[PDB]
Asks: 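Below is a structure I'd like to ask you about.
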Amino acid sequence: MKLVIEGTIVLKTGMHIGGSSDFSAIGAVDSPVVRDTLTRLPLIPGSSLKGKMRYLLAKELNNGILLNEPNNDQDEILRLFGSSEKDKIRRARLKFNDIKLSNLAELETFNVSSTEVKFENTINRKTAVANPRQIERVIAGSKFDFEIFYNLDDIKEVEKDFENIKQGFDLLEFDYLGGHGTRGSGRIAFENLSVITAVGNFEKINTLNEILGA
Amino acid sequence: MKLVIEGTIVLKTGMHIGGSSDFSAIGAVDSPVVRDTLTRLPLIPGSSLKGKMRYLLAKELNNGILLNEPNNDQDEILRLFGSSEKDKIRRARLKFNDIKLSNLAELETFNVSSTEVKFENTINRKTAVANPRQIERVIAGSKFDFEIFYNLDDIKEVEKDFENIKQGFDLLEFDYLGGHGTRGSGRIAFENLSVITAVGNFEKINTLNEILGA
Amino acid sequence: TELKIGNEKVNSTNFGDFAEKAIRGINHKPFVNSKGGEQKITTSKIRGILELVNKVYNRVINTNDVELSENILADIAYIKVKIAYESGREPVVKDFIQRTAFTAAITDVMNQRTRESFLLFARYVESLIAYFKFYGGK
Amino acid sequence: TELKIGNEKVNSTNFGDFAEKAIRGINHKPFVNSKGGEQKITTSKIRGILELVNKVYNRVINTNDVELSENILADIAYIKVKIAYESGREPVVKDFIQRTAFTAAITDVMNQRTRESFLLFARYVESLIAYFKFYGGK
Amino acid sequence: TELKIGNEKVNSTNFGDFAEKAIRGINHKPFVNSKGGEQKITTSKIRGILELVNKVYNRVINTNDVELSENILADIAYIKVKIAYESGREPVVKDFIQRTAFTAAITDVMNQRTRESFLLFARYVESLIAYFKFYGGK
RNA sequence: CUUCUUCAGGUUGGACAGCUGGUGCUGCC
RNA sequence: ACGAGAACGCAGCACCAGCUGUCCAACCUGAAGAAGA
């Protein structure tokens with residue numbers, strides 16, 4: 001059995017995820033955001049979402065401290081995100097996906113594009129001279145509908161898996177996703193968190209929703 | 001932990017922070033303010049607040065002598081604001097967020113806009129030529145409700161961190177936040193300062209409030 | 001997006017060219033006065049007009065509305081009052097306003113009552129003034 | 001993809017060389033002031049022109065659309081208006097525009113209306129700024 | 001092959017030796033600034049050169065045409081424009097661009113207009129960065 | 001019935017830059 | 001009336017597992033509506 005965790009990621013502040021492939025002009029942008037190559041639609045890579053969620057959850061579950069290596073995290077994190085250790089390989093019960101922004105029509109109703117330009121600078125404390133940059137940033141109010149695949153392997157510890165999934169989601173809500181988060185950017189929110197059966201039906205699927213929506 | 005430092009900043013005189021990317025017109029406005037793209041509301045970038053707080057706190061915690069590189073400051077500044085110092089890279093405990101305008105309702109009832117345009121001068125005692133400019137300034141009487149997240153790395157380093165945060169906020173009071181601040185603009189005041197825990201409860205959190213709410 | 005000043009004004013590929021040709025037509029045949037032509041209407045008359053249009057424009061830009069509010073319509077009415085008075089002051093302002101169809105544009109944006117037409121008209125007037133400074137001076 | 005700088009068509013590969021030619025020609029034989037003096041265009045003014053081009057380029061580039069819409073063409077016509085205003089204000093800026101075909105390039109983009117045409121125009125202006133920084137210095 | 005440099009000729013077999021020679025010439029007798037020198041280029045300034053070259057290498061590494069397409073040629077010309085621009089910003093970069101004749105190689109690539117020529121040029125630049133590594137650091 | 005409608009500088013700067021693990025085994029003459 | 005004739009180097013097998021494009025940085029500096037209306 002396999003389950004699909006749907007939901008939406010709503011940007012609270014501007015969100016920047018780096019990665020640059022071509023044509024950064026000399027007066028326009030210095031750090032573009034990652035975009036879907038075909039449709040040019042900005043996206044949240046599943047790698048970055050998975051990594052931030054794993055970091056926050058592993059730090060929270062262990063002791064509040066996290067200095068180890070990913071293949072030596074706690075057993076919940078190891079069983080939910082995977083482990084490549086030689087003799088102890090845990091197959092990941094989560095398959096994150098790349099997350100394109102869904103409410104572009106809603107944004108176009110407000111006569112705005114999905115990305116803004118943010119003008120920053122650093123001020124040399126010696127001479128008080130400013131060095132300007134130009135960060136492309138996905139505007140607040142953008143919504144990213146996602147889908148995370150959960151491989152239902154153990155029928156009994158699925159509840160603890162989903163409690164930790166919700167805990168990691170809530171840790172992201174009080175943190176940033178991608179880019180210069182401590183300097184204002186990156187704030188996000190989660191909504192419409194619902195798990196559904198990929199094929200067939202699961203006995204505790206009404207329980208797994210109420211431990212996701214609450 | 002995930003302490004959440006809430007509050008409100010109010011401008012005493014009109015504050016200017018730039019970063020617009022729109023066509024300035026022939027006689028309309030030569031320098032507008034930074035605003036949210038979707039809601040068109042005036043914005044205080046959490047990067048601007050973080051940078052000005054780091055400058056002001058760092059200089060006052062360096063006997064009024066701030067000359068070093070940002071990564072070459074005292075330990076407490078780095079442990080609150082972060083640094084990429086080569087071996088002991090410090091994660092920023094403070095997670096500032098882009099602060100959006102909040103009190104549009106009372107301003108609307110006041111029949112005023114969130115911004116005004118000021119004509120001052122560029123006059124000369126010499127051959128009498130003046131170069132008029134147009135500064136857009138966020139109306140004095142604007143409230144920006146903020147939420148600054150905090151990381152409790154160690155319980156020993158919570159009361160020192162929060163008293164330093166409060167004194168950094170109160171150092172901004174006798175200063176401005178950005179823009180043409182040397183010329184009568186940018187005066188800010190902080191009100192409703194407090195802190196709450198994101199998840200669960202924290203021991204001696206009232207000690208934080210008694211040194212942050214007063 | 002579409003303006004009417006007598007020559008199928010459009011937002012795209014139309015406002016700058018038509019403002020330029022209006023300015024050229026003004027400069028091609030200088031205004032006739034008593035008793036010498038070429039009055040050379042300075043920027044002082046052209047500004048002030050620009051200042052009123054641009055203060056209304058300043059209040060309009062920070063407003064995401066398809067239609068202009070009644071306050072903006074009264075501002076445009078006061079614009080028309082100022083233009084009428086300034087034209088009545090001396091005939092060269094009358095010639096400038098009539099040839100460039102400033103009053104016709106004001107009436108058309110008053111009929112359309114949308115922010116798109118007002119921004120088009122402000123863009124048009126700025127085009128008039130920019131091309132006046134380009135092909136004139138002072 | 002085939003701009004019309006002056007009397008010589010500009011393709012998508014000679015923009016850098018032709019911009020270098022334009023900058024060197026201006027640097028070697030510069031503008032002469034009215035009051036018997038020599039001066040160039042400041043870095044601030046050309047940087048402002050590039051910013052103007054960067055305002056529209058930052059929104060054009062994040063697209064796959066073959067032809068620019070009416071809003072982009074309206075912004076391009078406005079940038080042409082501001083070019084005319086800058087030319088009319090400071091004669092050194094007018095000289096800089098005329099020695100290049102920056103007005104002729106913007107008119108060619110306005111007439112072509114395609115996204116690739118404006119992309120080449122942005123490339124050409126970026127190369128003009130690049131060779132100003134390289135040759136003129138700072 | 002046939003990649004002109006200005007004083008010599010690097011064929012497909014002789015890019016690494018020339019790159020190491022140029023890096024040794026850079027490592028020997030460091031740059032002289034206003035204050036008598038003497039710091040050397042940073043790893044994150046030859047970075048920019050390396051990603052600039054890779055932004056076309058990734059698009060040319062996987063193809064079979066002998067001659068480069070008009071889109072690749074435009075991006076190579078843009079690399080030339082960019083390397084001209086950034087050299088004017090910092091002098092410690094300009095000596096790197098001159099002592100290691102990037103511009104001549106780029107111009108020859110733009111003159112050959114062949115896939116193998118640009119592959120050789122990219123190999124030369126990559127070897128140059130690789131040899132800056134293991135001699136300096138930081 | 002006057003008099004400029006913005007001018008002059010910084011346009012990103014450093015830090016990391018791919019690491020670890022498997023790595024042809026089984027069946028036939 | 002060929003040291004011959006006949007005879008698939010073939011069958012099974014995921015280039016895969018783990019990994020935040022991150023960290024630090026204020027769109028900042030300098031700039032009277034006077035003046036004989």
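Throughout, a chain's letter reflects where its sequence line sits, starting with A, and its residues are numbered from 1.
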Asks: So which part of C:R123 gets closer than 4.5 Å to some heavy atom of chain B, the side chain, the backbone, both or neither?
Replies: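 Nothing of C:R123, per the 4.5 Å heavy-atom cut-off to chain B.
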Asks: Could you pull out the closest heavy-atom pair between B:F23 and C:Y57, with the gap in Å?
Replies: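 Heavy atoms only, the tightest pair is O-OH, 4.3 Å.
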Asks: Assess whether atom CD of C:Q98 is packed by more than 12 heavy atoms of other residues, nucleotides or ligands within 6.0 Å.
Replies: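 No, not enclosed.
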Asks: If you compare all heavy atoms of C:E126 against all heavy atoms of B:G27, which two are closest, and at what distance to 0.1 Å?
Replies: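 Closest approach of C:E126 to B:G27, heavy atoms only: OE2-N, 4.5 Å.
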Asks: What I'd like to find out is whether the side chain of C:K55 reaches to under 4.5 Å of the side chain of B:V117, using heavy atoms alone.
Replies: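 No, too far: nothing below the 4.5 Å cut-off.
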Asks: Counting only heavy atoms not in B:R183 (residues, nucleotides, ligands), do more than 12 fall under 6.0 Å from its CZ?
Replies: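 Yes, enclosed.
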Asks: Contact part of C:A130 toward chain B, heavy-atom cut-off under 4.5 Å: side chain, backbone, both or neither?
Replies: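 Contact with chain B: backbone and side chain both.
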Asks: Rounded to the nearest 0.5 Å, what separates atom OG in B:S113 from atom CG in C:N58?
Replies: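 If we round to the nearest 0.5 Å, B:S113:OG and C:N58:CG are 10.0 Å apart.
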Asks: Rounded to the nearest 0.5 Å, what separation is found between the OG1 atom of C:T63 and the CZ atom of B:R40?
Replies: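 Taking OG1 in C:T63 and CZ in B:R40, the distance rounds to 9.5 Å.
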Asks: Flag yes if more than 12 heavy atoms outside C:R113 fall under 6.0 Å of its CZ atom; otherwise flag no.
Replies: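 It does not: C:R113 CZ has 12 such atoms or fewer within range.
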Asks: With a 4.5 angstrom heavy-atom cut-off, which part of C:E51 approaches chain B: side chain, backbone, both or neither?
Replies: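 Looking at C:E51, just its side chain touches chain B.
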Asks: One pair to check against side chain to side chain contact (heavy atoms under 4.5 Å, CB included): B:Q134 and C:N54. What are the steps and the verdict?
Replies: CA-CA 11 Å; B:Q134 299 215 34; C:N54 275 111; 5.9 Å; no
Asks: Counting only heavy atoms not in B:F119 (residues, nucleotides, ligands), do more than 12 fall under 6.0 Å from its CZ?
Replies: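 Counting neighbours around CZ of B:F119, more than 12 heavy atoms of other residues, nucleotides or ligands fall under 6.0 Å, so yes.
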Asks: Going through the checks in order, is the side chain to side chain contact (heavy atoms under 4.5 Å, CB included) test met by C:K133 and B:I26?
Replies: CA-CA 12 Å; C:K133 188 59 68 70; B:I26 297 195; over 6 Å; no
